[PDB]
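Step one of this worksheet: look at the structure below.
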Amino acid sequence: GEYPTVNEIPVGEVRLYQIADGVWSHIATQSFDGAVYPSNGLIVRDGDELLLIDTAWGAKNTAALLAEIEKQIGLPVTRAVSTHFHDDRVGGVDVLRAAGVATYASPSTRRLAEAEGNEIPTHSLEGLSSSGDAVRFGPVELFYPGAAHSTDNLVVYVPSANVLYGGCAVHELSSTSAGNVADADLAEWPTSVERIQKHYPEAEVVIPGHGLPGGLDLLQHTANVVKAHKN
Ligand SMILES: NS(=O)(=O)c1c(C(F)(F)F)ccc(-c2ccc(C3CCNCC3)cc2)c1-c1nnn[nH]1
Ligand SMILES: [Zn+2]
Ligand SMILES: [Zn+2]
């Protein structure tokens with residue numbers, strides 16, 4: 001009931017929301033094709049450091065995110081992972097890299113970001129090119145579920161907290177439309193959701209790329225949203 005909504009966050013401000021011990025989401029807003037949308041990422045405590053998942057969608061938002069983390073948490077962000085190549089995930093990577101954060105993404109995401117003219121994470125994450133692949137990265141597991149919202153989309157699990165961050169492959173419960181599907185695989189998306197459901201059956205919190213966290217029901221809801229879009 002306290003998660004911040006789009007009309008509560010002016011463009012350029014970032015909120016943090018405590019999900020579990022050592023796990024936060026970050027929430028920002030951005031204008032795109034003349035409409036404002038909220039967007040989520042993740043922060044995970046990594047001893048006396050933090051791991052960031054996704055930018056706050058833009059250079060100014062990402063600078064505000066680092067300032068909010070400094071104020072609220074006070075531990076340095078040392079690494080960041082972007083979960084796909086679009087601007088709500090990589091826009092702000094240059095700000096992170098100037099702030100000394102080591103930025104990472106799969107080779108699939110890096111090639112697509114490059115081709116798109118988007119910012120490119122520095123380092124390549126091998127071991128994620130096949131659907132069902134999983135790799136450990138600090139306090140999280142990165143999982144490639146297969147093509148869904150994009151061909152390169154990753155999801156992130158925090159085993160200590162049973163938190164699943166789905167990024168843009170997972171929609172919030174109130175969603176009635178599939179968002180930007182220009183780079184999506186609408187036929188594979190339900191199968192990729194099924195793989196996530198099978199691999200993370202103990203997830204307690206599921207965080208979508210945009211909107212409110214909930215439970216495991218966000219996964220089936222997302223498959224349903226995608227099916228309604230398809231027909
Ligand atoms: N990642 S993206 O590329 O495709 C994207 C961008 C971007 F800036 F980054 F260019 C801008 C806006 C959106 C966007 C995000 C959410 C919605 C809908 C909002 C109401 N409930 C159903 C979903 C519509 C659009 C999206 C997006 N994310 N997930 N689905 N679409
Ligand atoms: Zn996207
Ligand atoms: Zn998105």
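We label chains A, B, ... in the order they appear in the structure tokens, count residues from 1 in each chain, and number ligands from 1 in the order shown.
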
Practice item. Name the residues in contact with segment 25-35 of chain A at a cut-off of 8 Å, using only C-alpha atoms, excluding same-chain residues fewer than 2 positions from it; report them as a list in words. Key: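 Those residues are residues 4, 6, 9, 10, 11, 12, 13, 14, 15, 16, 17, 18, 19, 23, 37, 38, 39, 40, 41, 42, 43, 56, 57, 58, 61 and 65 of chain A.
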
Check your understanding: segment 8-230 of chain A: which residues are strand (DSSP E) by DSSP, as number ranges by chain?
Key -> A: 15-20, 23-32, 35-46, 49-53, 77-81, 102-105, 123-124, 134-137, 140-143, 155-158, 163-167, 205-208

**Study point:** Expected answer as a ChimeraX atom specification: helix (DSSP H, G or I) residues in segment 36-174 of chain A
**Key:** /A:59-72,87-90,93-98,107-116

Writing out the chosen residues with C-alpha atoms as a compact mmCIF listing (two decimals), in the first residue's frame:
# COMPACT_ATOMS: atom_id res chain seq x y z
CA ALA A 59 21.36 10.29 -16.97
CA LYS A 60 19.75 12.75 -14.56
CA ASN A 61 17.62 10.06 -12.92
CA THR A 62 20.67 7.80 -12.51
CA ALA A 63 22.67 10.61 -10.86
CA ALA A 64 19.68 11.16 -8.52
CA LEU A 65 19.60 7.39 -7.78
CA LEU A 66 23.26 7.42 -6.68
CA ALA A 67 22.58 10.49 -4.47
CA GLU A 68 19.54 8.75 -2.91
CA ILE A 69 21.56 5.59 -2.19
CA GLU A 70 24.33 7.68 -0.57
CA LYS A 71 21.78 9.41 1.67
CA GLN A 72 19.58 6.39 2.54
CA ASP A 87 16.92 2.82 -22.24
CA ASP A 88 15.04 2.09 -19.01
CA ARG A 89 17.83 -0.41 -18.24
CA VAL A 90 21.02 1.06 -19.78
CA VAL A 93 25.29 3.61 -17.68
CA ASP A 94 27.70 6.43 -18.59
CA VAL A 95 26.82 8.22 -15.32
CA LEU A 96 27.45 4.95 -13.40
CA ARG A 97 30.77 4.35 -15.12
CA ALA A 98 31.97 7.98 -14.38
CA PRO A 107 26.93 -10.05 -24.80
CA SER A 108 23.41 -10.21 -26.32
CA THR A 109 22.43 -7.03 -24.43
CA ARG A 110 25.69 -5.27 -25.31
CA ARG A 111 25.29 -5.99 -29.06
CA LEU A 112 21.69 -4.87 -29.07
CA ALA A 113 22.48 -1.70 -27.09
CA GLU A 114 25.27 -0.90 -29.53
CA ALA A 115 23.00 -1.42 -32.57
CA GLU A 116 20.27 0.74 -30.98

Using only C-alpha atoms and all ligand atoms, find each residue of chain A with at least one atom at most 8 Å away from an atom of ligand 1; report its shortest atom-to-atom pair and that distance in Å (one decimal), sort the rows by chain and rising residue number, and return the result as CSV.
residue,atom,partner,partner_atom_place_in_ligand_line,distance
A:30,CA,ligand 1,8 (F),7.8
A:32,CA,ligand 1,11 (C),5.7
A:37,CA,ligand 1,15 (C),6.3
A:38,CA,ligand 1,15 (C),7.6
A:39,CA,ligand 1,15 (C),7.4
A:57,CA,ligand 1,8 (F),7.2
A:84,CA,ligand 1,1 (N),7.8
A:85,CA,ligand 1,1 (N),7.8
A:86,CA,ligand 1,3 (O),4.6
A:87,CA,ligand 1,9 (F),4.1
A:88,CA,ligand 1,9 (F),4.1
A:89,CA,ligand 1,9 (F),6.9
A:149,CA,ligand 1,29 (N),6.8
A:167,CA,ligand 1,29 (N),7.9
A:168,CA,ligand 1,29 (N),4.5
A:169,CA,ligand 1,29 (N),7.1
A:171,CA,ligand 1,22 (C),6.7
A:172,CA,ligand 1,21 (N),7.1
A:174,CA,ligand 1,21 (N),6.9
A:175,CA,ligand 1,21 (N),4.2
A:176,CA,ligand 1,22 (C),5.9
A:177,CA,ligand 1,22 (C),4.7
A:178,CA,ligand 1,22 (C),5.3
A:179,CA,ligand 1,24 (C),3.6
A:180,CA,ligand 1,31 (N),3.7
A:181,CA,ligand 1,4 (O),6.6
A:182,CA,ligand 1,4 (O),7.5
A:183,CA,ligand 1,4 (O),7.6
A:209,CA,ligand 1,29 (N),6.5
A:210,CA,ligand 1,16 (C),5.9
A:211,CA,ligand 1,21 (N),7.5

Since we have the selection now, will you write its residues out, keeping N, CA, C and O atoms, as a short mmCIF file (atom, residue, chain, number, x, y, z; two decimals), in the first residue's frame?
data_model
loop_
_atom_site.label_atom_id
_atom_site.label_comp_id
_atom_site.auth_asym_id
_atom_site.auth_seq_id
_atom_site.Cartn_x
_atom_site.Cartn_y
_atom_site.Cartn_z
N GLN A 30 9.98 8.70 -16.01
CA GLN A 30 10.56 9.29 -17.19
C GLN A 30 9.50 9.46 -18.21
O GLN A 30 8.47 8.78 -18.24
N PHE A 32 8.40 9.58 -22.10
CA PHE A 32 8.75 8.82 -23.30
C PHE A 32 7.59 8.94 -24.25
O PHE A 32 6.47 8.54 -23.87
N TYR A 37 6.03 7.41 -17.30
CA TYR A 37 5.94 6.08 -16.77
C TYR A 37 6.84 5.94 -15.57
O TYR A 37 7.94 6.51 -15.56
N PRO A 38 6.44 5.12 -14.59
CA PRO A 38 7.37 4.74 -13.52
C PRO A 38 8.22 3.57 -13.99
O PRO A 38 7.83 2.85 -14.92
N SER A 39 9.36 3.36 -13.35
CA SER A 39 10.22 2.23 -13.66
C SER A 39 10.96 1.81 -12.41
O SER A 39 11.41 2.67 -11.62
N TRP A 57 16.75 4.92 -15.67
CA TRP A 57 16.17 5.39 -16.92
C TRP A 57 16.54 6.84 -17.22
O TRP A 57 15.69 7.74 -17.17
N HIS A 84 18.30 -5.73 -19.79
CA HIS A 84 18.18 -5.77 -21.24
C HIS A 84 18.67 -4.47 -21.81
O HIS A 84 19.09 -3.57 -21.07
N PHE A 85 18.59 -4.35 -23.15
CA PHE A 85 19.28 -3.28 -23.84
C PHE A 85 18.56 -1.95 -23.95
O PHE A 85 19.14 -1.00 -24.49
N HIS A 86 17.29 -1.88 -23.54
CA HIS A 86 16.51 -0.67 -23.71
C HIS A 86 16.91 0.42 -22.72
O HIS A 86 17.56 0.16 -21.69
N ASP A 87 16.48 1.66 -23.01
CA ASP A 87 16.92 2.82 -22.24
C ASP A 87 16.52 2.84 -20.78
O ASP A 87 17.20 3.50 -19.97
N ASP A 88 15.43 2.14 -20.42
CA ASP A 88 15.04 2.09 -19.01
C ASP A 88 15.94 1.15 -18.21
O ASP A 88 15.78 1.06 -16.99
N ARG A 89 16.92 0.49 -18.88
CA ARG A 89 17.83 -0.41 -18.24
C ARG A 89 19.28 0.00 -18.37
O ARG A 89 20.08 -0.28 -17.47
N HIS A 149 9.92 -10.13 -23.31
CA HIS A 149 9.84 -8.71 -23.66
C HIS A 149 10.92 -8.34 -24.69
O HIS A 149 10.69 -7.46 -25.54
N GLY A 167 12.24 -7.56 -14.12
CA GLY A 167 12.46 -6.58 -15.18
C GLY A 167 11.26 -6.49 -16.11
O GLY A 167 10.13 -6.83 -15.72
N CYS A 168 11.48 -6.07 -17.33
CA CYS A 168 10.38 -5.80 -18.23
C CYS A 168 9.72 -7.04 -18.79
O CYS A 168 8.66 -6.94 -19.41
N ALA A 169 10.28 -8.22 -18.51
CA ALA A 169 9.64 -9.49 -18.86
C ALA A 169 8.44 -9.79 -17.93
O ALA A 169 7.67 -10.71 -18.22
N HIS A 171 5.11 -8.07 -15.89
CA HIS A 171 4.19 -6.95 -15.69
C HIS A 171 3.51 -7.00 -14.33
O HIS A 171 3.33 -8.06 -13.74
N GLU A 172 3.12 -5.82 -13.84
CA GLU A 172 2.40 -5.70 -12.57
C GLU A 172 0.96 -6.23 -12.75
O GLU A 172 0.42 -6.29 -13.87
N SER A 174 -1.99 -4.84 -12.22
CA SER A 174 -2.98 -3.97 -12.84
C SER A 174 -2.81 -3.84 -14.33
O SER A 174 -3.64 -3.20 -14.97
N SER A 175 -1.74 -4.39 -14.92
CA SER A 175 -1.50 -4.22 -16.34
C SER A 175 -2.63 -4.79 -17.18
O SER A 175 -3.10 -5.91 -16.92
N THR A 176 -3.03 -4.02 -18.19
CA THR A 176 -4.06 -4.39 -19.16
C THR A 176 -3.48 -4.36 -20.58
O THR A 176 -4.22 -4.55 -21.54
N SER A 177 -2.19 -4.09 -20.73
CA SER A 177 -1.59 -4.02 -22.05
C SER A 177 -0.16 -4.46 -21.90
O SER A 177 0.37 -4.53 -20.77
N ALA A 178 0.44 -4.87 -23.01
CA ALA A 178 1.75 -5.46 -22.99
C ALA A 178 2.93 -4.49 -23.08
O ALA A 178 4.05 -4.97 -23.16
N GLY A 179 2.70 -3.18 -23.06
CA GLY A 179 3.77 -2.19 -23.19
C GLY A 179 4.40 -2.23 -24.56
O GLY A 179 3.73 -2.56 -25.56
N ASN A 180 5.67 -1.83 -24.64
CA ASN A 180 6.37 -1.82 -25.90
C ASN A 180 6.76 -3.23 -26.30
O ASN A 180 7.67 -3.80 -25.69
N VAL A 181 6.15 -3.76 -27.36
CA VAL A 181 6.42 -5.11 -27.86
C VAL A 181 7.23 -5.13 -29.12
O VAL A 181 7.40 -6.20 -29.72
N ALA A 182 7.78 -3.98 -29.53
CA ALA A 182 8.54 -3.92 -30.79
C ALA A 182 9.67 -4.94 -30.87
O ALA A 182 9.92 -5.49 -31.95
N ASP A 183 10.30 -5.26 -29.72
CA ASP A 183 11.40 -6.18 -29.70
C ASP A 183 11.09 -7.48 -28.99
O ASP A 183 11.99 -8.27 -28.73
N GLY A 209 9.13 -4.82 -14.01
CA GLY A 209 9.93 -3.70 -14.50
C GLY A 209 9.28 -2.36 -14.28
O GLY A 209 9.97 -1.34 -14.12
N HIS A 210 7.95 -2.32 -14.27
CA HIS A 210 7.18 -1.09 -14.10
C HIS A 210 6.00 -1.42 -13.21
O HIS A 210 5.24 -2.36 -13.50
N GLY A 211 5.83 -0.66 -12.14
CA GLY A 211 4.65 -0.81 -11.29
C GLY A 211 4.88 -1.57 -10.01
O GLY A 211 6.01 -1.72 -9.52
#

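If you look at atom CA of residue 44 of chain A and atom CA of residue 212 of chain A, they are 18.3 Å away from each other.
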
Study note, to complete from the structure: re atom CA of residue 160 of chain A and atom CA of residue 99 of chain A: distance 27.9 Å

Exercise for review: Could you give me, as a PyMOL selection string, the residues within 12 Å of residue 231 of chain A, counting only C-alpha atoms and dropping anything in the same chain fewer than 2 positions from it?
Suggested key: chain A and resi 177-178+186-187+224-229

For those residues, write N, CA, C and O atoms to a file as a compact mmCIF listing (two decimals), in the first residue's frame.
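Result written to out.txt:
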# COMPACT_ATOMS: atom_id res chain seq x y z
N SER A 177 -2.19 -4.09 -20.73
CA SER A 177 -1.59 -4.02 -22.05
C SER A 177 -0.16 -4.46 -21.90
O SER A 177 0.37 -4.53 -20.77
N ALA A 178 0.44 -4.87 -23.01
CA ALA A 178 1.75 -5.46 -22.99
C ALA A 178 2.93 -4.49 -23.08
O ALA A 178 4.05 -4.97 -23.16
N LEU A 186 6.34 -12.61 -28.70
CA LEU A 186 5.06 -12.87 -28.06
C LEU A 186 4.72 -14.35 -27.96
O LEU A 186 4.01 -14.75 -27.03
N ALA A 187 5.22 -15.15 -28.88
CA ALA A 187 4.97 -16.59 -28.84
C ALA A 187 5.82 -17.28 -27.77
O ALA A 187 5.35 -18.21 -27.11
N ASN A 224 -0.87 -13.96 -19.27
CA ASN A 224 -2.25 -13.65 -19.69
C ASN A 224 -2.32 -12.32 -20.47
O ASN A 224 -3.03 -12.23 -21.46
N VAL A 225 -1.59 -11.31 -20.01
CA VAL A 225 -1.51 -10.00 -20.67
C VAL A 225 -0.98 -10.19 -22.09
O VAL A 225 -1.51 -9.60 -23.05
N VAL A 226 0.07 -10.99 -22.21
CA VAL A 226 0.71 -11.23 -23.50
C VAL A 226 -0.22 -11.98 -24.45
O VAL A 226 -0.31 -11.63 -25.64
N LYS A 227 -0.97 -12.94 -23.94
CA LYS A 227 -1.96 -13.66 -24.74
C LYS A 227 -3.08 -12.74 -25.23
O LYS A 227 -3.48 -12.84 -26.40
N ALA A 228 -3.54 -11.79 -24.38
CA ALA A 228 -4.61 -10.85 -24.77
C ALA A 228 -4.11 -9.90 -25.83
O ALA A 228 -4.88 -9.54 -26.71
N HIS A 229 -2.83 -9.54 -25.78
CA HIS A 229 -2.24 -8.67 -26.78
C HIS A 229 -2.22 -9.43 -28.13
O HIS A 229 -2.64 -8.88 -29.15

Review point. Do you have the atom CA of residue 170 of chain A-atom CA of residue 208 of chain A distance handy?
Key: 4.9 Å

Contact residues around residue 50 of chain A with only C-alpha atoms at 6 Å, ignoring same-chain residues under 5 positions, as a short mmCIF file (atom, residue, chain, number, x, y, z; two decimals) with C-alpha atoms, in the first residue's frame:
data_model
loop_
_atom_site.label_atom_id
_atom_site.label_comp_id
_atom_site.auth_asym_id
_atom_site.auth_seq_id
_atom_site.Cartn_x
_atom_site.Cartn_y
_atom_site.Cartn_z
CA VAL A 44 21.18 -5.67 -3.19
CA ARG A 45 23.55 -5.44 -0.27
CA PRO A 76 29.05 2.31 -2.26
CA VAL A 77 27.59 0.92 -5.44
#

Review point. Which residue out of A:219, A:147, A:163, A:102 has the minimum interatomic distance to ligand 2 when only C-alpha atoms and all ligand atoms are used?
Key: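 Using only C-alpha atoms and all ligand atoms, ligand 2 sits closest to A:147.
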
Point to revise | Spatial neighbours of residue 148 of chain A, 6 Å, only C-alpha atoms, chain gap at least 6 places, as a VMD selection string | key: chain A and resid 169 184 to 185 189

Review point. So, counting only C-alpha atoms and all ligand atoms, which residue among A:133, A:2, A:46, A:152 is closest to ligand 2?
Key: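 Once distances to ligand 2 are computed over only C-alpha atoms and all ligand atoms, the minimum belongs to A:152.
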
Practice item. Pick out the residues sitting within 10 Å of residue 196 of chain A, and hand them over as an MDAnalysis selection string; count only C-alpha atoms, and ignore anything fewer than 6 positions along from it in its own chain. Key: chainID A and resid 132 143:146 155 164 166 190 203 216 219

Practice item. Go through A:101, A:79, A:136, A:150 one by one, measure the shortest atom-to-atom distance of each to ligand 2 using only C-alpha atoms and all ligand atoms, and give the residue with the smallest value. Key: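 Closest to ligand 2, using only C-alpha atoms and all ligand atoms: A:150.
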